[PDB]
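Structure, as structure tokens:
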Amino acid sequence: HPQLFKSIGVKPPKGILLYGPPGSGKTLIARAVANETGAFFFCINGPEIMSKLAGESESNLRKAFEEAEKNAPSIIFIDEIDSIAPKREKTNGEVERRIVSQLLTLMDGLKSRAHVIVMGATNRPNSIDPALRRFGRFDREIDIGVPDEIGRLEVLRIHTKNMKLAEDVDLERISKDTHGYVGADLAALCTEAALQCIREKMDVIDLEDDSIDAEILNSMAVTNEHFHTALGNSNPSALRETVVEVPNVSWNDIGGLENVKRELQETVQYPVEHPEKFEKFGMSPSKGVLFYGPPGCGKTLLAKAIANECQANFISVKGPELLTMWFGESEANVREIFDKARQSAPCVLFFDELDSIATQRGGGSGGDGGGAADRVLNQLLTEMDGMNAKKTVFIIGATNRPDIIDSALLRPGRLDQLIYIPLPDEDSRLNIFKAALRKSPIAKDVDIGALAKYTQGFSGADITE
Amino acid sequence: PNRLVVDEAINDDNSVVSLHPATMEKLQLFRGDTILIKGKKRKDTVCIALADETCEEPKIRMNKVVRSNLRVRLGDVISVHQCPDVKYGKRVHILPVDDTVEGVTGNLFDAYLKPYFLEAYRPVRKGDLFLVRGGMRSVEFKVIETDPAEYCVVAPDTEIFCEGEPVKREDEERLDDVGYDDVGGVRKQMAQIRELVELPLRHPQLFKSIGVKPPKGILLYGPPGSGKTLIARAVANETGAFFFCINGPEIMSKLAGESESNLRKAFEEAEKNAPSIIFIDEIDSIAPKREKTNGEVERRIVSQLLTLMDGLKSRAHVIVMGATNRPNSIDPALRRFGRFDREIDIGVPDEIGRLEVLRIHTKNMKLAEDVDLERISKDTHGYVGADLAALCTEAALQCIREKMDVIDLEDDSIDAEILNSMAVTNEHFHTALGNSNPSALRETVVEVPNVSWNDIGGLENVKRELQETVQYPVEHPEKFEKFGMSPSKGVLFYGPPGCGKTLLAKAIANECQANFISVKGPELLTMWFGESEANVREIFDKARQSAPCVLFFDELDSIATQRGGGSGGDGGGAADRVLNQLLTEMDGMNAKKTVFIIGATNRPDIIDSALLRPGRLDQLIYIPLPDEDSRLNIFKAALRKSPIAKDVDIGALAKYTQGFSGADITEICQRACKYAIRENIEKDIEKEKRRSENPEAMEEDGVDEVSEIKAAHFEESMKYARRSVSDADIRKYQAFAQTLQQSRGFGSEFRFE
Amino acid sequence: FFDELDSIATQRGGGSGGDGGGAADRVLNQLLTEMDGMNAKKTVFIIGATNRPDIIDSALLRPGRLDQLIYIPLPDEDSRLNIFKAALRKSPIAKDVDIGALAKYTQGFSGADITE
């Protein structure tokens, strides 16, 4: 329906960039869309183009664009554009520059009236040359991230529909136990489960016989235990990627802390639940907060609970990860975290162990001769001061050592609200106890509130232990 | 007196225009005469002038056809000149449009043009277009040629010929060529480019008489997508010059030897069609900075470009507008004299610039009557023009979102009423802005902050000192020269954190109408860690070009602390790459240049002494914690936007809250609003509970209690009031102030005989 | 004229203890090497200025490179008068004001203070 855009007099986008984890299903989405719209789909693989002889790759690319424009409406998928146009870390040779510039000029030369859309694909947007992301070539960007629990469930149901599953198969359990698993890993898990069923079915089937009884073949079917075994043998491919989801932790799981509950609800819940009236009065809301308290008192639980109460996405970033990436000279990861937190607004960016970086530099104990600021810290301040006031990106910092945190980070405008998290009190300790034993059965002689009453000065970690 | 604004005409005739009678008399024009009208892009047309008393004196009325012929729209200014030399056409060649002729059988001339021109005496000019009505259909026609070869009046005896190929509508649409009005946000740079280019090409005689050499090389650097390519085309089309565009990627994509051939052909043809303009779009690909010279083809092309630029001559009437992202990314050899001398900064557009860009991009769309583009411009910071166009597209897409539910996707046809009912709404723009992303956030923004002395609370001593040190040398420098003594080229702010140092700097900048540049120590630190220390020289350069300016080095002590300063970060001092480069640039500044530099530090005992030496940054001024009136001012400023309960007057609270910084004030207000906010939501929740109890109870017209910020919530907020600065820190600051003061003895003991 | 010769030593530390040890480094060592390599017959005289003499590396003060040490005292009565008149030499002054009288009693004040 181009007539809608023509009447509204707008230019429909040509460039779409689908970045995400490998094997997430990128290539299938484009084909599904093209086949549903009835459009002519022509696929280009980066490896295929780069494998051609010099001069032939350009010919193939131009032929692709030309034919695609002939068969409008048309769709072009530049699978694995990273090979074609990888990030300019080093420009070695002349052919690579020729092909990247040819792609640039071809994208620029295409027109809205041509009815052509170019779905790129890659692993991370930064891995692409920035020149491609300028306006006109590749403007829209979409994040095909790791599927959620429900997403894993649908992927499993899709891959296992054609197989002979048993009536006792519990795919919901597999989905719940599968964390960090991409769709391809789920298909591999299903294949492994079928292979294990074959394992159990080998003893009867003689290998040397060229023919096998049909009854045994019809009797084969995977069982939930086979899926459990396959999961035990399989390996996730995505574990270090920032997971963006709504944790299920609720205030009930949070024990007491009425003062801190009120303070954090004030500072966060309102500016995301009733921002229009904040605008009505118009004063700037707090864009940060810092948690200082004893270790193992449930700071991350508090952050996740406040995120859930607002139905806002929670992002967990630990200081060791940023520290490793800086040590890996990939400090752009910090800007990537900030970017992601921005796109998925409303969000709660939780900087776990903010004092870890300062301690690595020293903080207040005197790691080096001086302060704590470094690459990662300075970049964090720069991104903090550059955040949009209108954006609902609230940031929470957790530290087990407040006397070592660099004062520059505590300056107003970045992270100023400081809230103290005390050790759990009688009712808080009761709540933690029941939560830890909530799943387990206890002897009728034992009521845990009585024990919780007298166990003052003991942290939630001690309760768990 | 012959220039008039274009307006809609009562008569729809294509060859008739209307003018105010007295205006015609001033031009000695009579009704029915043929007049030559000059519009945009040096495109003129001939029309029959009629007197129209309803037309305003400074306005000229004409229909859409003549507007297209003149390449002008409503509000544009066009010139009218007497044309008594229009001769009756002996022969006129006019051809139709390809799409307008489908379904028409016979000679299109006889059907439409023959009665349209017979006895009508309609003037026609080469390339003119018009719409003729006949046989229930309207058919477009374009004039190919006229017997005089300029223009003629088609008479009954005129032989009109329509034997030729039909004119393509899509190619004809290019006639709406870009002009100065189709760009925005670059008014000053637009003037600089228009002057430097259009003047020599249109009026070289001026330069010849003055005996000067007009520049050949112009370099337009800035952020990607800022509209660089449009400015050059607008200029070339307005001067009537032949524009040939070269794209760096296109040239580099050609085979070895072919790129040089294309470049030489471009220069040769451009020189043939003088006056001419050449745009080397994305010159970075052609001549990137020599970080590594790999291969032979790259060197061949860069040297070919160098020699071609050198070999060009002023008499050739050729101008080469380059383009890039940052001047340093270009090879220095290109910036030598003769090749690329002038440089222009097409920076991020300002609030007004964003407003014009939005109005330009949204003019063709069906905007709603409630659209508030000013709000979008105010909320758009760091957005380049291309990002604004993307925002508009996203808003239209969101409107479509809202309009999908009714429109069935499987139906190949969609109702026209729904299509005509579509129109973007302000909320759609808000949603698109929420979803969009700025492309320019780390680029130094150069503008005049609106902060005024009124926003600055008290500080009369510091106010006077800084006005003395800065305001005068930029407001009355001629008399400084009269006496001639060197003015102070620097100053250092030491004081407690969160006391409004940046506010003071911006206020003093605004008082002098001088540009303010905010540079924070973390950015320079990152760039040095990124081995891009040339960024420092870039900051100094920019501050220099935009003089008068106030370069504010925020957290000057951050770098020293990174090295250690005085606390002993490393075993020794604080000097490093960035600091040493800053000193070198400081000592190298021009005395005559009005580039004042301000340094802010929260820790004066750690700053390297070499930086405090006279000639770089010597004036030291202490910024005390806000006093009673200063605290009152900060309080009212923070609550200035918000309503407060009548019971609460904030000056009373400000009076007794000594020793508390402005940041603490801001947080007290934040928490007070926050507690009143909890009160409001609790009242709302109780109302919802009551409605759940009695859902059918009609809501009476009970006056809703005014949701204000009352004194009880101010109490609750101050219960969590903080004072970040202790009396020991102020004791250190006053110890530094005493080590600075050391003034005594001759206050009154000196007098001449 | 090597201005702020002690700047390099301070960057390394000089005598205050920037690093754990002395002040010599790339630039300083190269300066010594070029100093010892100068031609005796060549009329290239070199002057070093330092605001901190207790931090200068002793190797630089060895004979043959830069040995003559001269102390520059704060301006005295006549010196201060000269600096005053030089600073006001370009500007007109009221007849009531003769700057030598002020220069006479303003002992212990450097030329920079006079300029200010």
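Conditions tested, residue by residue: (1) of a type outside the set (A, V, I, L, M); (2) in contact with a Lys or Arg (Cβ under 9 Å, 6 or more places away or on another chain); (3) buried (at least 21 other Cβ atoms within 10 Å of the Cβ); (4) on the phi > 0 side of the Ramachandran plot.
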residue	(1), (2), (3), (4)
B:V470	no, no, yes, no
B:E475	yes, no, no, no
B:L503	no, no, no, no
B:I508	no, yes, yes, no
B:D541	yes, no, no, no
B:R544	yes, yes, no, no
B:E555	yes, yes, yes, yes
B:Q562	yes, no, yes, no
B:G569	yes, yes, yes, no
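Total residues in segment B:511-552 satisfying the condition of being more than 14 Å from chain A (Cβ to nearest Cβ) and more than 21 Å from B:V348 (Cβ to Cβ): the figure is 3.
I'd like the full set of residues that are outside any loop (DSSP other than H, G, I, E, B), within 11 Å of another protein chain (Cβ to nearest Cβ) and either touching a residue at least 40 places away in the same chain (Cβ under 8 Å) or of a type outside the set (A, V, I, L, M) (or both), limited to segment B:399-412. I'd like the intermediate steps shown before the answer.
So in segment B:399-412, the residues outside any loop (DSSP other than H, G, I, E, B) come out as B:399-402.
Next, only the ones that are within 11 Å of another protein chain (Cβ to nearest Cβ) stay: B:399-400.
Across segment B:399-412, the qualifying residue is only B:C399.
Only one of the numbered conditions (1) surrounded by 21 or more Cβ atoms within 10 Å (Cβ to Cβ); (2) farther than 20 Å from A:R411 by Cα is not met by B:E682, and that is (1). Inclusion of B:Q513 among residues that are surrounded by fewer than 21 Cβ atoms within 10 Å (Cβ to Cβ) and either in contact (Cβ under 8 Å) with a residue 12 or more places away in the chain or out of contact with any helix residue (DSSP H, G or I) (no Cβ under 7 Å at 6 or more places or on another chain) (or both) is warranted. The listed residues are A:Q360, A:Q379, and the only one of them that is within 26 Å of B:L441 (Cβ to Cβ) and not hydrophobic (A, V, I, L, M, F, W, C) turns out to be A:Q379.
Name the residues in segment B:306-324 that are surrounded by fewer than 19 Cβ atoms within 10 Å (Cβ to Cβ) and not charged (D, E, K, R), would you?
Here is the first cut: in segment B:306-324, the ones surrounded by fewer than 19 Cβ atoms within 10 Å (Cβ to Cβ) are B:306-308, B:310-311, B:313-316.
Within segment B:306-324, B:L306, B:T307, B:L308, B:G311, B:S314, B:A316 meet the criteria.
Pairs meeting the criteria (first residue in segment B:190-217 and at negative phi, second residue assigned to a loop (DSSP other than H, G, I, E, B) and of a type in the set (F, W, Y), beta carbons under 7 Å, at least 6 apart or on different chains) are B:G217/B:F340.
Residues that are surrounded by 15 or more Cβ atoms within 10 Å (Cβ to Cβ) and either within 14 Å of another protein chain (Cβ to nearest Cβ) or in a loop (DSSP other than H, G, I, E, B) (or both) within segment A:20-51 comprise A:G20, A:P21, A:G23, A:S24, A:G25, A:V33, A:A39, listed in sequence order.
Residue by residue, here is whether (1) among the aromatic types (F, W, Y); (2) surrounded by 18 or more Cβ atoms within 10 Å (Cβ to Cβ); (3) farther than 21 Å from B:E716 by Cβ holds:
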| position | (1), (2), (3) |
| --- | --- |
| A:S250 | no, no, yes |
| A:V272 | no, yes, yes |
| A:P275 | no, no, yes |
| A:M283 | no, yes, no |
| A:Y292 | yes, yes, yes |
| A:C297 | no, yes, yes |
| A:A303 | no, yes, yes |
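For segment B:340-363, does any single residue satisfy the condition of being buried (at least 16 other Cβ atoms within 10 Å of the Cβ), within 25 Å of A:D385 (Cβ to Cβ) and among the β-branched types (V, I, T)? Yes. B:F480: in contact with a helix residue (DSSP H, G or I) (Cβ under 8 Å, 6 or more places away or on another chain) and buried (at least 21 other Cβ atoms within 10 Å of the Cβ), yes or no? Against the criterion (in contact with a helix residue (DSSP H, G or I) (Cβ under 8 Å, 6 or more places away or on another chain) and buried (at least 21 other Cβ atoms within 10 Å of the Cβ)), B:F480 does not qualify. Just name the residue that is nearest to the other protein chains (Cβ to nearest Cβ) out of those in segment A:61-73 that are part of a helix (DSSP H, G or I) and surrounded by 14 or more Cβ atoms within 10 Å (Cβ to Cβ). Taking the candidates together, the pick is A:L61.
Could you grab me the full set of residues in segment B:385-398 that are more than 10 Å from chain A (Cβ to nearest Cβ) and either surrounded by fewer than 16 Cβ atoms within 10 Å (Cβ to Cβ) or small (G, A, S) (or both)? Hits for segment B:385-398: nothing passes. Within segment B:422-441, if we keep just the residues that are part of a loop (DSSP other than H, G, I, E, B) and hydrophobic (A, V, I, L, M, F, W, C), the residue that is farthest from the chain's Cα centre (by Cα) turns out to be B:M422. Cβ separations smaller than 8 Å between residues 6+ apart or across chains give the following pairs from segment A:321-337 residues that are under 14 Å from A:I357 (Cβ atoms) to residues that are loosely packed, with under 13 Cβ neighbours inside 10 Å: A:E321/A:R240. Can we say A:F281 is more than 19 Å from A:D253 (Cα to Cα) and without any contact (Cβ under 8 Å) to a residue 40 or more places away in the chain? Answer is yes for this residue. So for segment B:557-570 (the condition being in a loop (DSSP other than H, G, I, E, B), of a type outside the set (A, V, I, L, M, F, W, C) and in contact with a strand residue (DSSP E or B) (Cβ under 6 Å, 6 or more places away or on another chain)), does at least one residue qualify? No, segment B:557-570 has no match at all.
Take B:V519 and decide whether it is surrounded by fewer than 24 Cβ atoms within 10 Å (Cβ to Cβ) and not in a loop (DSSP other than H, G, I, E, B). For B:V519, the condition - surrounded by fewer than 24 Cβ atoms within 10 Å (Cβ to Cβ) and not in a loop (DSSP other than H, G, I, E, B) - is met.
Within segment B:422-435, take every residue that is under 29 Å from B:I346 (Cα atoms) and at the interface with another protein chain (Cβ under 10 Å from one of its Cβ atoms) and give me the one that is surrounded by the most Cβ atoms within 10 Å (Cβ to Cβ). The residue in question is B:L433.
Could you list all residues from segment B:571-589 that are free of Cβ contacts under 8 Å to residues at least 40 places away in the same chain and either assigned to a helix (DSSP H, G or I) or surrounded by fewer than 18 Cβ atoms within 10 Å (Cβ to Cβ) (or both)? Reasoning before the result, please.
Filtering segment B:571-589 down to residues free of Cβ contacts under 8 Å to residues at least 40 places away in the same chain leaves B:571-575, B:579-580, B:583-584, B:587-588.
If the condition is that a residue be free of Cβ contacts under 8 Å to residues at least 40 places away in the same chain and either assigned to a helix (DSSP H, G or I) or surrounded by fewer than 18 Cβ atoms within 10 Å (Cβ to Cβ) (or both), then B:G571, B:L579, B:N580, B:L583, B:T584, B:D587, B:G588 are the ones that fit.
Inside segment B:374-384, residues that are buried (at least 20 other Cβ atoms within 10 Å of the Cβ), more than 9 Å from chain A (Cβ to nearest Cβ) and not polar (S, T, N, Q) make up a count of 2. Residue count for segment A:1-19, restricted to those that are more than 24 Å from the chain's Cα centre (by Cα), buried (at least 20 other Cβ atoms within 10 Å of the Cβ) and more than 10 Å from chain B (Cβ to nearest Cβ): 1. Can you find a residue that is among the aliphatic types (A, V, I, L, M), more than 12 Å from chain A (Cβ to nearest Cβ) and in a helix (DSSP H, G or I) anywhere in segment B:413-421? There is no residue in segment B:413-421 that is among the aliphatic types (A, V, I, L, M), more than 12 Å from chain A (Cβ to nearest Cβ) and in a helix (DSSP H, G or I). Scanning segment A:1-19 for residues that are touching a residue at least 40 places away in the same chain (Cβ under 8 Å), assigned to a loop (DSSP other than H, G, I, E, B) and in contact with a helix residue (DSSP H, G or I) (Cβ under 6 Å, 6 or more places away or on another chain) turns up A:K11, A:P12.
Among the residues of segment C:88-114 satisfying the criterion of being within 17 Å of B:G745 (Cα to Cα) and not in a helix (DSSP H, G or I), which is nearest to the other protein chains (Cβ to nearest Cβ)?
The first filter runs over segment C:88-114 and keeps only residues within 17 Å of B:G745 (Cα to Cα), leaving C:101-110, C:113-114.
Keeping just the survivors that are not in a helix (DSSP H, G or I) gives C:106-110.
Values: C:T106: 8, C:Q107: 11, C:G108: 10, C:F109: 10, C:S110: 10 Å.
Going through the qualifying residues, I end up with C:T106.
Positions of Cβ are generated from backbone atoms using ideal geometry, with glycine treated the same way; all protein chains shown enter the neighbour counts. Coordinate-derived values only; no laboratory data.
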